[PDB]
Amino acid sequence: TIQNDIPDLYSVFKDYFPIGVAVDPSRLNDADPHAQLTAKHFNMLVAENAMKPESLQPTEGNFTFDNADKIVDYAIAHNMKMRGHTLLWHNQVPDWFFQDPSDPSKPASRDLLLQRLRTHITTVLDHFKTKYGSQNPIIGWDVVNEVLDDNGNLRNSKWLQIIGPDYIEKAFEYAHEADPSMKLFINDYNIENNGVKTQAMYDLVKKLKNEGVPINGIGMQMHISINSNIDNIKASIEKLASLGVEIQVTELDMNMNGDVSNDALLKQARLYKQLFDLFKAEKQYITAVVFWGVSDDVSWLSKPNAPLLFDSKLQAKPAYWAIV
């Protein structure tokens, strides 16, 4: 059971930005305490998996929107905004995209993979626009996800191998043409460390925006750790925001490196307090902060961990009280 009378987390930030959470379609029923936490503390939702490529078009032409629509319906019923995650990725993407269908031992051509990307993006955006119309809660999409490698070069996924570097520009062109009302983001991790990957994200977005690509924002996943440096995160946010794009914190959690002791929980609370004070200090750039999971027992990180504001018993942690 949850604590029903403590402060609603998102209301603490009502004069700053929405506070969201990533959810599983099976944890939205009234009797599920995870759903109760979701409705109480968040005013924005993201599908942790149900809107990834494999979760929407597992085989060619066979679209599977039921789980994504269950999350959308819940968001509408709870007056929540949503982010769409994600139109393109090199993981959780079916192999059929990249195969020649008449000889699956060979790769699809650049034109066939671009047409498949255009059809997937257009069908996905047209599905939510035609089914929900003005009630569509999705305000924007992660058009591409994790397109940089660790060294800052473009990740050599099958998209890059088959199409070349302009696949990124093409994904944003297709999404903007399908629904011009959507805010379009490029999303990535490790771009908060003010290292070579931050610089490569800045250079890539500067280049594409100068070329007229409709990129409206950068999503900083923010899978941080108990040892992260606030100064590096601040410098990264400011550098990326200097491009004249929105910043969203999209998959926030804190990796404890195996130390879930009470002392580490206190250290986590001080760091999360500093992180949210930084986000408030950057409110002219940040337009959403989303946590990657509702509570520690449903975090994607392997065990042991304690990455979020609500523990494995769904109770508010020291970090929750530090922030509120």
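The first residue of the shown sequence is 1; numbering continues from there.
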query: Per the PDB record, is the mean Cα temperature factor higher over 5 to 13 or over 299 to 307?
result: 5 to 13
field: Average Cα temperature factor in the PDB entry - higher stretch of 205 to 213, 179 to 187
entry: 205 to 213
statement: Highest CA B factor of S157, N145, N194, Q99, as deposited, is found at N194
message: For the CA B factor values reported in this entry, which option in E48, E54, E60, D30 has the top one?
response: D30
message: By the recorded C-alpha temperature factor, relative to the other modelled residues in its chain, which third is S134 in?
response: highest
- line: Sorting the chain's modelled residues by C-alpha B-factor and splitting them into thirds places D126 in the middle
- prompt: Mind checking which third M80 falls in for C-alpha B-factor across the chain?
  reply: highest
- line: In terms of its chain's C-alpha B-factors, the third that includes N229 is the highest
statement: Of the three thirds of Cα B-factor ranks in this chain, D253 occupies the lowest
